[PDB]
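Q: Pasting in a structure now, in structure tokens, and then I'll have a few things to ask.
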Amino acid sequence: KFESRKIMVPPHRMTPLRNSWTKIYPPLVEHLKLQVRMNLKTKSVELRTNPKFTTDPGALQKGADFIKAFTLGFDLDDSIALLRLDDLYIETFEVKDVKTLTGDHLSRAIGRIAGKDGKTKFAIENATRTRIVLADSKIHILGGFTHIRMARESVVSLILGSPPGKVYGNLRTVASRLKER
Amino acid sequence: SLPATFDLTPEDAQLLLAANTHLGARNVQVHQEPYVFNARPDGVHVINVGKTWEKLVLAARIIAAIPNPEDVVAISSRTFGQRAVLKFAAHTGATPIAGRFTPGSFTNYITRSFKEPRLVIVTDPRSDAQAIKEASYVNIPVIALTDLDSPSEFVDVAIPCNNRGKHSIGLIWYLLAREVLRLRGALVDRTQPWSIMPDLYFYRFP
Amino acid sequence: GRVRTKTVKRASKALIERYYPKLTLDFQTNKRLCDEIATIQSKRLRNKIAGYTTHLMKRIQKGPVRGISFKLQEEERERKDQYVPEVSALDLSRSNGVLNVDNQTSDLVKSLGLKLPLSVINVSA
Amino acid sequence: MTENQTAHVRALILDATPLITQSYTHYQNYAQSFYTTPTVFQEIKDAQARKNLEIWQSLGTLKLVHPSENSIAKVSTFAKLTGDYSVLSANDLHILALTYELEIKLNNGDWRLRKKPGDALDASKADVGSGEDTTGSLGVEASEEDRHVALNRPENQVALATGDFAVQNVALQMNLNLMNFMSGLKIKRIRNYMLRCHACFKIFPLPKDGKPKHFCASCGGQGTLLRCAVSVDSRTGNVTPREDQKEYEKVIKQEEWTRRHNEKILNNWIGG
Amino acid sequence: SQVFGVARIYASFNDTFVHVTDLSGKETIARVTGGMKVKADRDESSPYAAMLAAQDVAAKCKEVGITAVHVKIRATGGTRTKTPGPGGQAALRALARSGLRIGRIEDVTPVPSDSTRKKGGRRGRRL
């Protein structure tokens, strides 16, 4: 009653894969009780199960979700939060899907979601229980629906070109009645 | 303006090629192009070691030209450099600066690290660049050990060597020490080798 | 927090950089030790200094601390010269008397005009 | 009907890798006496390895022997001469010292051991009586009397069973007998990767932590270190193929503190 | 050995569809919406509604007897987004959690070569 899933390894993250793989595999192999095989040539990771493992069918989907998380820039502490919780999910979205921007407009939108020393990114991870990774044209937010929904409202404020001060004011407003309840 | 005995003795040339001083960096500045002879074709240049010998002969003449031997100051912050300058300061009586050179030491007479030199030797002009620029304020000649990609500004009589390896820096400090003691008069015979071996200046990490 | 004052700390630093060996792990001997060596005006302050020297005797016996001790500083005065090798790496016998030199530096040797035991080695890329 | 495979080695020094990979039955047909260090046995933490260690302790064939301090000093001097002391552990040095003491006791002298690397062996005292090239030990159909004569030879008195390439290079520098953990044949040559300076041509071993050296130890050239395969012959003993900134030490200490904090966070995640 | 189904997950911002039939799209077997499982209009696309809806689809597939299933997931595609929303991810978690065998997981989202104009205008569409 085996089951194997196939997943793709990005080239931009295979060097931290071989850097921190020693911290990646033994928590899931010990606590979550799975089997991992590499294919370093064909950018593939084999996540396999066995009847000699524990019967837990949903943690195979969870393990494919950990490697899908690690596909898109995500560190290992968010993998610990994905180990412990279940309400935390993943999202991608595009810069062009809100507003048609080109070139330096795209660069200034990436600068607006990034900010000076990543401070508006810091303000959006700490006040919303979200975690932020910026790609070239992809935005990535983890978490639950009440958390990521106000993260949606903030990021479509910010990528529309609203100033970050109004983002901070609306951010602490939604954080205020977030921690109020 | 020098006698013919002063040139490259072949055991010193064997000593120079033993310490890999002729190997250098990959970038060649506009200023230090005559020190390179040609390039071994990976990206490593080889330097004219006769220029290094005669250039340190100049630096030895600068050090011997001062009247007070305690007024020359050696500067170091590289890990090999502290041992090299403490041996040089032990053997010629110079004032060493080991480790962190204190800012405001060449101006600002208040600080107890205020020494005014008339002559300054520096291990490299990039990591010890602050002693270079503070000596640029109170009119001090600086003779220095520059690589092939060292900053060449604010130095005069700069000795091309290798500051990367401990062999070359310990040897080149040893040769400056033996050149100035053979020029001052502490070792009368030019034929006689100096009694201390160059491996005293060499760094070991236990 | 019971952070001790700087006078007790500095007096203990001076009395341990200078008067190391007769101080020990016993506070009661250290009390009349700092009575017999130091002129401290009060019983309370000399108790502070004697207890602090007792505590620095407690952690000095496990290893070295950043401050000055004599019995190490003779040792880095022969660390400067005790490990001189009888044969260095710059001597001839470590390469059997003939150097490992490329073609260009042998051209430097034959162009400058010196005679030297060189072995030409061919290197590429 | 299995043949009576006689032991070709009187005593074999077993590492944690051969104790974990192979059972006592795999090493029973090759060696007569089993010797090991107590720290290597205390370092074993796997459950199947603990069961195999309990089975070996019930068998009683394994001898827990600590090496002598003078042999430890000689092994440390040999490792400092060969430059392998930075990568070798203290347990590896103790295992090499115990192997040297067992070879000194078994052969009644140190004529078969080289004090320095590249020194010729004293052959005048012999008449007084995975990248490993193990070729030449195959095709030997020795009889029982031939196996007894080979076990009576001083070359097969002591063997070192280990998986550490630095320890294998130290034993090849000491001209010690090396045996495969799975095959049991005597190692003749070993091929390993070593860091070579591209300018100074200085040879250094691979790092234990796996981090690449940004500056060479002797050359100092940025990127001058290259991965070079080196072969070591047991008969000859010849291996055939900046950092001075305080900010660099601060970066190394920050990387070590980050690794320690990550290990603490991983331990809290495992134990939470 | 077993029988594989052909599954579709359609993940908008405001609902989810878990919709499965046999091979080649012959006749639809199970059919749920986000609106039928939670009557609250704020929770049409909730992961709770997604998992309960996919659990009812799994119950339908178990009573018709299909054990293996092949799934493709999609967004709306076109001028709107490309990767599915988290309701699809919770649907995947539910169908794997249900004990039903899974065959293949891919992303058949209808991707344009070159799209037309979206429904926002020049300025933007979201808030």
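Chain lettering (A, B, ...) mirrors the order of the structure tokens, residue numbering begins at 1 for each chain separately, and ligand numbering begins at 1 in order of display.
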For stretch 264-272 of chain D, find every residue with an atom within 9 Å (counting only C-alpha atoms), except residues of its own chain fewer than 4 positions away, and show them as a list in words.

A: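 Near neighbours after the sequence-gap exclusion: residues 23, 27, 31, 77 and 80 of chain A; 259 and 260 of chain D.
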
Q: Quick one: which residues from chain A are at most 9 Å off chain E, using only C-alpha atoms, as a PyMOL selection string?

A: chain A and resi 3+5-6+56-62+65+87+89-94+97-100+145+153+156-157+160

Q: Among chain E, which residues does DSSP mark as strand (DSSP E) when it is run on the backbone? Keep the chain and numbering as in the structure and answer as a list in words.

A: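 In chain E, DSSP puts these residues in strand (DSSP E): residues 4, 5, 6, 7, 8, 9, 10, 11, 16, 17, 18, 19, 20, 21, 28, 29, 30, 31, 32, 68, 69, 70, 71, 72, 73, 74, 105 and 106 of chain E.
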
Q: Convert the current residue selection to file output with N, CA and C atoms, as a CSV table (one decimal), in the first residue's frame.

A:
chain,number,residue,atom,x,y,z
E,4,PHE,N,-9.7,4.2,-11.2
E,4,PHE,CA,-9.3,5.6,-11.0
E,4,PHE,C,-10.4,6.5,-11.5
E,5,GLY,N,-10.6,7.6,-10.7
E,5,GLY,CA,-11.5,8.7,-11.1
E,5,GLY,C,-10.7,9.8,-11.7
E,6,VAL,N,-11.4,10.7,-12.3
E,6,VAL,CA,-10.9,12.0,-12.9
E,6,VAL,C,-11.5,13.1,-12.1
E,7,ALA,N,-10.7,13.8,-11.3
E,7,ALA,CA,-11.1,14.8,-10.4
E,7,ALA,C,-10.8,16.2,-10.9
E,8,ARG,N,-11.7,17.2,-10.6
E,8,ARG,CA,-11.5,18.6,-10.9
E,8,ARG,C,-11.7,19.4,-9.6
E,9,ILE,N,-10.8,20.3,-9.3
E,9,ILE,CA,-10.9,21.3,-8.3
E,9,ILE,C,-10.8,22.6,-8.9
E,10,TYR,N,-11.8,23.4,-8.7
E,10,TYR,CA,-11.9,24.8,-9.3
E,10,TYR,C,-12.0,25.8,-8.2
E,11,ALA,N,-10.9,26.6,-8.0
E,11,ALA,CA,-10.6,27.4,-6.8
E,11,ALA,C,-10.7,28.9,-7.2
E,16,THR,N,-15.5,27.1,-3.9
E,16,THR,CA,-14.7,26.0,-4.5
E,16,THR,C,-15.6,24.9,-5.0
E,17,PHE,N,-15.2,24.3,-6.1
E,17,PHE,CA,-15.9,23.2,-6.8
E,17,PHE,C,-15.0,21.9,-6.6
E,18,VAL,N,-15.6,20.9,-6.1
E,18,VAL,CA,-15.0,19.6,-6.1
E,18,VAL,C,-15.9,18.7,-6.9
E,19,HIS,N,-15.4,18.3,-8.1
E,19,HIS,CA,-16.3,17.8,-9.2
E,19,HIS,C,-15.5,16.7,-9.9
E,20,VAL,N,-16.0,15.5,-9.9
E,20,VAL,CA,-15.3,14.3,-10.3
E,20,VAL,C,-16.2,13.4,-11.2
E,21,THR,N,-15.6,12.8,-12.2
E,21,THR,CA,-16.3,11.7,-13.0
E,21,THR,C,-15.3,10.7,-13.3
E,28,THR,N,-21.1,13.0,-14.9
E,28,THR,CA,-20.6,13.5,-13.7
E,28,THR,C,-21.1,12.6,-12.5
E,29,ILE,N,-20.2,12.3,-11.6
E,29,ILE,CA,-20.5,11.4,-10.5
E,29,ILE,C,-20.9,12.1,-9.2
E,30,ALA,N,-20.0,13.0,-8.7
E,30,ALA,CA,-20.2,13.7,-7.5
E,30,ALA,C,-20.0,15.2,-7.8
E,31,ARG,N,-20.8,16.0,-7.1
E,31,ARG,CA,-20.9,17.4,-7.5
E,31,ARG,C,-21.3,18.2,-6.3
E,32,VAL,N,-20.4,19.1,-5.8
E,32,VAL,CA,-20.6,19.9,-4.6
E,32,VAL,C,-20.2,21.4,-5.0
E,68,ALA,N,-9.1,4.7,-6.3
E,68,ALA,CA,-8.1,5.6,-6.9
E,68,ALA,C,-8.8,6.8,-7.6
E,69,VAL,N,-8.1,7.9,-7.7
E,69,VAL,CA,-8.5,9.0,-8.4
E,69,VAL,C,-7.3,9.8,-8.9
E,70,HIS,N,-7.5,10.4,-10.1
E,70,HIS,CA,-6.6,11.4,-10.7
E,70,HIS,C,-7.1,12.8,-10.6
E,71,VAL,N,-6.3,13.7,-10.1
E,71,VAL,CA,-6.8,15.1,-9.9
E,71,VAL,C,-6.0,16.1,-10.7
E,72,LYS,N,-6.6,17.1,-11.2
E,72,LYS,CA,-6.0,18.3,-11.7
E,72,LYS,C,-6.7,19.5,-11.0
E,73,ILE,N,-5.9,20.5,-10.7
E,73,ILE,CA,-6.4,21.6,-10.0
E,73,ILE,C,-6.2,22.9,-10.9
E,74,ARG,N,-7.1,23.9,-10.7
E,74,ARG,CA,-7.0,25.1,-11.5
E,74,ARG,C,-7.6,26.3,-10.8
E,105,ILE,N,-1.3,14.2,-9.5
E,105,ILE,CA,-1.6,15.5,-9.1
E,105,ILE,C,-0.9,16.5,-10.1
E,106,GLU,N,-1.6,17.2,-10.9
E,106,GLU,CA,-1.1,18.2,-11.8
E,106,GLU,C,-1.9,19.4,-11.8

Q: Residues of chain C classed as alpha helix (DSSP H) by DSSP on the backbone are to be reported as a PyMOL selection string.

A: chain C and resi 6-17+27-37+43-60+70-73+75-78+103-112

Q: Kindly save the residues from that selection, with C-alpha atoms included, as a PDB file, in the first residue's frame.

A:
ATOM      1  CA  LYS C   6      33.570  49.525  40.276  1.00  0.00           C
ATOM      2  CA  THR C   7      35.983  50.145  43.173  1.00  0.00           C
ATOM      3  CA  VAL C   8      35.629  46.550  44.430  1.00  0.00           C
ATOM      4  CA  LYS C   9      35.944  45.253  40.845  1.00  0.00           C
ATOM      5  CA  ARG C  10      39.036  47.352  40.076  1.00  0.00           C
ATOM      6  CA  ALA C  11      40.719  46.569  43.414  1.00  0.00           C
ATOM      7  CA  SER C  12      40.105  42.854  42.853  1.00  0.00           C
ATOM      8  CA  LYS C  13      41.444  43.190  39.288  1.00  0.00           C
ATOM      9  CA  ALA C  14      44.630  44.850  40.597  1.00  0.00           C
ATOM     10  CA  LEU C  15      45.068  42.361  43.465  1.00  0.00           C
ATOM     11  CA  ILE C  16      44.613  39.382  41.128  1.00  0.00           C
ATOM     12  CA  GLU C  17      46.813  40.717  38.343  1.00  0.00           C
ATOM     13  CA  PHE C  27      37.198  33.671  51.708  1.00  0.00           C
ATOM     14  CA  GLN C  28      38.242  33.523  55.371  1.00  0.00           C
ATOM     15  CA  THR C  29      41.959  33.467  54.571  1.00  0.00           C
ATOM     16  CA  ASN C  30      41.453  36.132  51.882  1.00  0.00           C
ATOM     17  CA  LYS C  31      39.882  38.480  54.455  1.00  0.00           C
ATOM     18  CA  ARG C  32      43.043  38.817  56.507  1.00  0.00           C
ATOM     19  CA  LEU C  33      45.120  38.550  53.311  1.00  0.00           C
ATOM     20  CA  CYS C  34      43.557  41.769  52.010  1.00  0.00           C
ATOM     21  CA  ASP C  35      43.812  43.142  55.546  1.00  0.00           C
ATOM     22  CA  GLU C  36      47.566  42.514  55.559  1.00  0.00           C
ATOM     23  CA  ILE C  37      48.202  43.814  52.021  1.00  0.00           C
ATOM     24  CA  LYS C  43      35.075  46.266  57.194  1.00  0.00           C
ATOM     25  CA  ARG C  44      32.180  46.162  54.700  1.00  0.00           C
ATOM     26  CA  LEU C  45      34.248  47.220  51.660  1.00  0.00           C
ATOM     27  CA  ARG C  46      37.118  44.864  52.510  1.00  0.00           C
ATOM     28  CA  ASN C  47      34.543  42.066  52.873  1.00  0.00           C
ATOM     29  CA  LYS C  48      33.241  42.988  49.386  1.00  0.00           C
ATOM     30  CA  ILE C  49      36.754  42.964  47.901  1.00  0.00           C
ATOM     31  CA  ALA C  50      37.742  39.730  49.683  1.00  0.00           C
ATOM     32  CA  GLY C  51      34.574  37.949  48.542  1.00  0.00           C
ATOM     33  CA  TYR C  52      35.109  39.152  44.973  1.00  0.00           C
ATOM     34  CA  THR C  53      38.732  37.944  44.996  1.00  0.00           C
ATOM     35  CA  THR C  54      37.449  34.612  46.342  1.00  0.00           C
ATOM     36  CA  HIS C  55      34.973  34.387  43.439  1.00  0.00           C
ATOM     37  CA  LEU C  56      37.653  35.255  40.901  1.00  0.00           C
ATOM     38  CA  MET C  57      39.854  32.545  42.436  1.00  0.00           C
ATOM     39  CA  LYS C  58      36.824  30.319  41.879  1.00  0.00           C
ATOM     40  CA  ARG C  59      36.578  30.882  38.132  1.00  0.00           C
ATOM     41  CA  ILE C  60      40.334  31.403  37.483  1.00  0.00           C
ATOM     42  CA  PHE C  70      52.454  36.798  35.106  1.00  0.00           C
ATOM     43  CA  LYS C  71      52.695  32.981  34.870  1.00  0.00           C
ATOM     44  CA  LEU C  72      51.223  33.149  31.404  1.00  0.00           C
ATOM     45  CA  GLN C  73      53.232  36.202  30.268  1.00  0.00           C
ATOM     46  CA  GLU C  75      55.093  31.739  28.515  1.00  0.00           C
ATOM     47  CA  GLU C  76      54.179  34.036  25.631  1.00  0.00           C
ATOM     48  CA  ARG C  77      57.632  35.491  26.043  1.00  0.00           C
ATOM     49  CA  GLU C  78      59.155  32.157  25.046  1.00  0.00           C
ATOM     50  CA  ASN C 103      58.626  28.309 -16.948  1.00  0.00           C
ATOM     51  CA  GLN C 104      58.066  32.057 -16.489  1.00  0.00           C
ATOM     52  CA  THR C 105      59.935  32.348 -13.192  1.00  0.00           C
ATOM     53  CA  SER C 106      62.761  30.272 -14.666  1.00  0.00           C
ATOM     54  CA  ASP C 107      62.768  32.870 -17.444  1.00  0.00           C
ATOM     55  CA  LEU C 108      63.045  35.490 -14.672  1.00  0.00           C
ATOM     56  CA  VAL C 109      66.041  33.603 -13.276  1.00  0.00           C
ATOM     57  CA  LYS C 110      67.803  33.235 -16.630  1.00  0.00           C
ATOM     58  CA  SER C 111      66.951  36.828 -17.589  1.00  0.00           C
ATOM     59  CA  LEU C 112      68.119  38.403 -14.338  1.00  0.00           C
TER      60      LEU C 112
END

Q: I'd like the neighbourhood of stretch 244-257 of chain D as a ChimeraX atom specification, where a residue qualifies if any of its atoms comes within 12 Å (using only C-alpha atoms), though same-chain residues fewer than 6 positions away should be ignored.

A: /B:76-82,99-100,123-124,126-128,163-166 /D:209,211,213-217,220,263-264

Q: Write out as a tab-separated table the residues of chain A that have any atom within 12 Å of an atom of chain D, one row each with the nearest atom pair and its distance in Å to one decimal, counting only C-alpha atoms, sorted by chain and then rising number.

A:
residue	atom	partner	partner_atom	distance
A:18	CA	D:210	CA	11.1
A:19	CA	D:210	CA	9.7
A:20	CA	D:259	CA	10.6
A:22	CA	D:263	CA	11.2
A:23	CA	D:266	CA	8.0
A:24	CA	D:266	CA	10.1
A:25	CA	D:266	CA	11.8
A:26	CA	D:270	CA	9.9
A:27	CA	D:270	CA	7.0
A:28	CA	D:270	CA	10.0
A:29	CA	D:270	CA	11.7
A:30	CA	D:270	CA	9.2
A:31	CA	D:270	CA	7.9
A:32	CA	D:270	CA	11.1
A:75	CA	D:262	CA	11.8
A:76	CA	D:266	CA	9.4
A:77	CA	D:265	CA	8.6
A:78	CA	D:269	CA	11.5
A:79	CA	D:269	CA	10.5
A:80	CA	D:269	CA	6.9
A:81	CA	D:269	CA	9.4
A:82	CA	D:269	CA	11.7
A:83	CA	D:269	CA	9.5
A:84	CA	D:269	CA	9.2

Q: My list of candidates is B:204, B:61, B:178, B:167. Which is closest to chain D when distances are computed with only C-alpha atoms?

A: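 Ranking B:204, B:61, B:178, B:167 by distance to chain D, first place goes to B:167.
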
Q: Need the shell around stretch 104-108 of chain A: protein/DNA/RNA residues with any atom at most 10 Å away, counting only C-alpha atoms. Skip same-chain ones fewer than 3 positions apart. Format as a count of residues only?

A: 14

Q: Between atom CA of residue A:4 and atom CA of residue A:64, what is the distance, to one decimal in Å?

A: 9.9 Å

Q: With distances taken over only C-alpha atoms, which of C:5, C:93, C:24, C:39 is nearest to chain B?

A: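 Ranked by minimum distance to chain B, first place goes to C:93.
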
Q: Residues of chain B were defined as contacting chain C if any atom lay at most 6 Å from it, counting only C-alpha atoms; please report them as an MDAnalysis selection string.

A: chainID B and resid 18 42 200

Q: Skipping near chain neighbours, those fewer than 5 positions away, what residues fall within 10 Å of residue D:185 using only C-alpha atoms, listed as a ChimeraX atom specification?

A: /D:8,30,134-138,177-180

Q: Report, in Å to a single decimal, how far apart atom CA of residue D:107 and atom CA of residue D:155 are.

A: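 Going from atom CA of residue D:155 over to atom CA of residue D:107, I get 8.3 Å.
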
Q: Write out as a CSV table (one decimal) with N, CA, C and O atoms, in the first residue's frame each polymer residue whose atoms come within 10 Å of stretch 166-175 of chain A, counting only C-alpha atoms; drop sequence neighbours fewer than 2 positions from it.

A:
chain,number,residue,atom,x,y,z
A,120,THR,N,8.6,47.5,5.8
A,120,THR,CA,7.1,47.3,5.6
A,120,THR,C,6.8,45.8,5.4
A,120,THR,O,5.7,45.4,5.8
A,123,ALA,N,6.7,44.9,9.1
A,123,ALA,CA,5.4,45.3,9.6
A,123,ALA,C,4.3,44.4,9.2
A,123,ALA,O,3.3,44.3,9.9
A,124,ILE,N,4.4,43.8,8.0
A,124,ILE,CA,3.3,42.9,7.6
A,124,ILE,C,3.6,41.5,8.1
A,124,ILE,O,2.6,40.7,8.2
A,126,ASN,N,4.8,40.9,11.3
A,126,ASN,CA,4.6,40.8,12.8
A,126,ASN,C,3.2,41.1,13.2
A,126,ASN,O,2.7,40.5,14.2
A,127,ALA,N,2.5,41.9,12.4
A,127,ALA,CA,1.1,42.4,12.9
A,127,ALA,C,0.0,41.5,12.4
A,127,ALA,O,-1.1,41.6,12.8
A,128,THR,N,0.3,40.5,11.5
A,128,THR,CA,-0.7,39.7,10.9
A,128,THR,C,-0.6,38.2,11.0
A,128,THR,O,-1.5,37.5,10.6
A,129,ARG,N,0.5,37.7,11.7
A,129,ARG,CA,0.9,36.3,11.7
A,129,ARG,C,0.9,35.7,10.3
A,129,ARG,O,0.1,34.8,9.9
A,147,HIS,N,-6.0,35.6,8.8
A,147,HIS,CA,-4.7,36.3,8.8
A,147,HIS,C,-4.3,36.7,7.4
A,147,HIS,O,-4.1,37.9,7.1
A,150,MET,N,-6.6,39.7,5.7
A,150,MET,CA,-6.2,41.1,5.9
A,150,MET,C,-4.8,41.3,5.3
A,150,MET,O,-4.5,42.5,4.9
A,151,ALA,N,-4.0,40.2,5.1
A,151,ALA,CA,-2.8,40.4,4.3
A,151,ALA,C,-3.1,40.7,2.9
A,151,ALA,O,-2.3,41.4,2.2
A,153,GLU,N,-5.8,42.4,1.8
A,153,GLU,CA,-6.2,43.8,1.8
A,153,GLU,C,-5.0,44.7,1.9
A,153,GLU,O,-5.0,45.7,1.1
A,154,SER,N,-4.0,44.4,2.7
A,154,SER,CA,-2.8,45.2,2.8
A,154,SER,C,-2.0,45.1,1.5
A,154,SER,O,-1.5,46.2,1.0
A,155,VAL,N,-1.8,44.0,0.9
A,155,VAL,CA,-0.9,43.9,-0.3
A,155,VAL,C,-1.6,44.4,-1.5
A,155,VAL,O,-0.9,45.0,-2.4
A,156,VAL,N,-2.9,44.4,-1.6
A,156,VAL,CA,-3.5,45.0,-2.8
A,156,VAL,C,-3.8,46.5,-2.5
A,156,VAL,O,-4.1,47.2,-3.5
A,157,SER,N,-3.6,47.0,-1.3
A,157,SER,CA,-3.4,48.4,-1.1
A,157,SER,C,-2.0,48.8,-1.6
A,157,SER,O,-1.9,49.7,-2.4
A,158,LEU,N,-1.0,48.0,-1.3
A,158,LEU,CA,0.4,48.4,-1.5
A,158,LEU,C,0.8,48.3,-2.9
A,158,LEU,O,1.5,49.2,-3.4
A,162,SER,N,-0.7,52.7,-3.2
A,162,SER,CA,-1.0,53.5,-2.0
A,162,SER,C,0.2,53.7,-1.2
A,162,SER,O,1.1,52.8,-1.2
A,163,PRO,N,0.4,54.8,-0.5
A,163,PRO,CA,1.6,55.1,0.3
A,163,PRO,C,1.7,54.1,1.5
A,163,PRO,O,0.7,53.7,2.0
A,164,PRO,N,2.9,53.8,1.9
A,164,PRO,CA,3.1,52.9,3.0
A,164,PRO,C,2.6,53.4,4.3
A,164,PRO,O,2.4,52.6,5.2
A,177,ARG,N,-8.1,45.3,15.9
A,177,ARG,CA,-9.3,44.4,16.2
A,177,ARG,C,-9.0,42.9,15.8
A,177,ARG,O,-9.9,42.1,15.9
A,178,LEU,N,-7.8,42.6,15.3
A,178,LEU,CA,-7.4,41.2,15.3
A,178,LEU,C,-7.0,40.7,16.7
A,178,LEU,O,-7.5,39.7,17.1
A,179,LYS,N,-6.1,41.4,17.4
A,179,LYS,CA,-5.7,40.9,18.7
A,179,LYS,C,-6.8,41.3,19.8
A,179,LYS,O,-6.7,40.9,20.9
A,180,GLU,N,-7.7,42.2,19.4
A,180,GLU,CA,-8.8,42.5,20.3
A,180,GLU,C,-9.7,41.3,20.5
A,180,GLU,O,-10.2,41.0,21.6
A,181,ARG,N,-10.0,40.6,19.4
A,181,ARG,CA,-10.8,39.4,19.4
A,181,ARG,C,-9.9,38.1,19.6
A,181,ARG,O,-10.4,37.1,19.8
